[PDB]
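The chain below stands alone and is given as structure tokens, in the form deposited in one PDB entry.
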């Protein structure tokens, strides 16, 4: 009969969960500003390296002179051996390769939650907002993997040198600048593309494969198609599931993309009503454990691994994730049946953290 309704608690843009999660325009503009700085520097580093290559096209300069030239650019912020390597790579280029490099101008495209608007304000101390800004290198389906990575690293490392409180982190799939004071990091995955999703190649930092075909547009188009198909509330509930994950784990938990994929599957196959996103979240929560136990398939069919493994592959971390997923619909049910508004709030905040504090967003209802 009587039940607490949480639709405002979730959706209210003043001080409900959407209000707590969505970045303000100032914050978004700050991120855009950070993105521009990184893009400009990467553009500049490539122009600088191209200037050296241009000089070598004109005259077959000695190795020591090429090295000296490298030392005057932003590449000076790489290690000595890495500078030697860039100089050696420029020295060793054949005419064809050098011409291709002289024709290369990096392009950029943001992928991930800043692009499709699911980027949440961070919650726990230590957690950071993420901007995924890819750099793209148009090439014949002729510039080498090593040189390209060194130049993008030169870019990021040169900014890290100039800015107090910025730090560089090498990842398998990107370079990363972390800005702890701003609770932000920017990831720069690097792609080779033709000068056709099959030809978008993501550079890998280590291993048996230098490249793998992984077009971020596949996920972006899948998600935006899903939003059109299911409704705008898809973005809201994905934000909320990510907020749940940030509240349950300081570090770790299921990936954002696994939560998106499982949520889309559920909302495509189970009736729900966007006029009550509290019920919609309860419905999602009821079905997530089965989605995750069987393994969460990627929306990109070319991915070699699922986004979350099936339960026969579970270790302590996946077991912990299954446990918290199993608890979530119980938390939501108990909040619905709580004795008072204040207890309803206390209970639902055990799912999403103590972010929403306004118990007037919770209203007595019937269901």
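Residue numbers count along the first chain shown, from 1. Residues that one form lacks are left out of the comparison. Only the largest set of C-alpha atoms that superpose within 1.5 Å between the two forms is called the rigid core.
The same protein also has a form deposited with a small molecule bound, omitted here; what follows describes it.
This chain is displayed alone, yet in the entry with it bound one of 149, 200, 266, 247 has a heavy atom within 4.5 Å of the small molecule; that residue is 200. Proximity to the small molecule in the entry with it bound, defined as a heavy atom within 4.5 Å, singles out one entry of 36, 313, 327, 341, which is 36. Note on the interface: of 268-276, 73-81, 284-292, 102-110, the segment with non-hydrogen atoms within 4.5 angstroms of the small molecule in the entry with it bound is 102-110. Using a 4.5 angstroms heavy atom cutoff to the small molecule in the entry with it bound, all of 40, 193 and 217 count as contacting. In the entry with it bound, residue 136 approaches the small molecule with a heavy atom inside 4.5 Å. Of the residues listed here (112, 253, 289, 106), only one shifts its CA by 2 angstroms or more between this form and the one not shown after fitting on the rigid core, and it is 112. Put simply, residue 112 and residue 300 spread apart in the entry with it bound: their C-alpha atoms are 3 Å or more farther than in the form shown. Three angstroms is the minimum change: in the entry with it bound, the CA atoms of residue 107 and residue 113 sit closer than in this structure, by 3 Å or more. Every Cα shifting by 2 Å or more, across three or more consecutive residues, marks a moved region; comparing between this form and the one not shown on the rigid core, the sole such region is 110-113.
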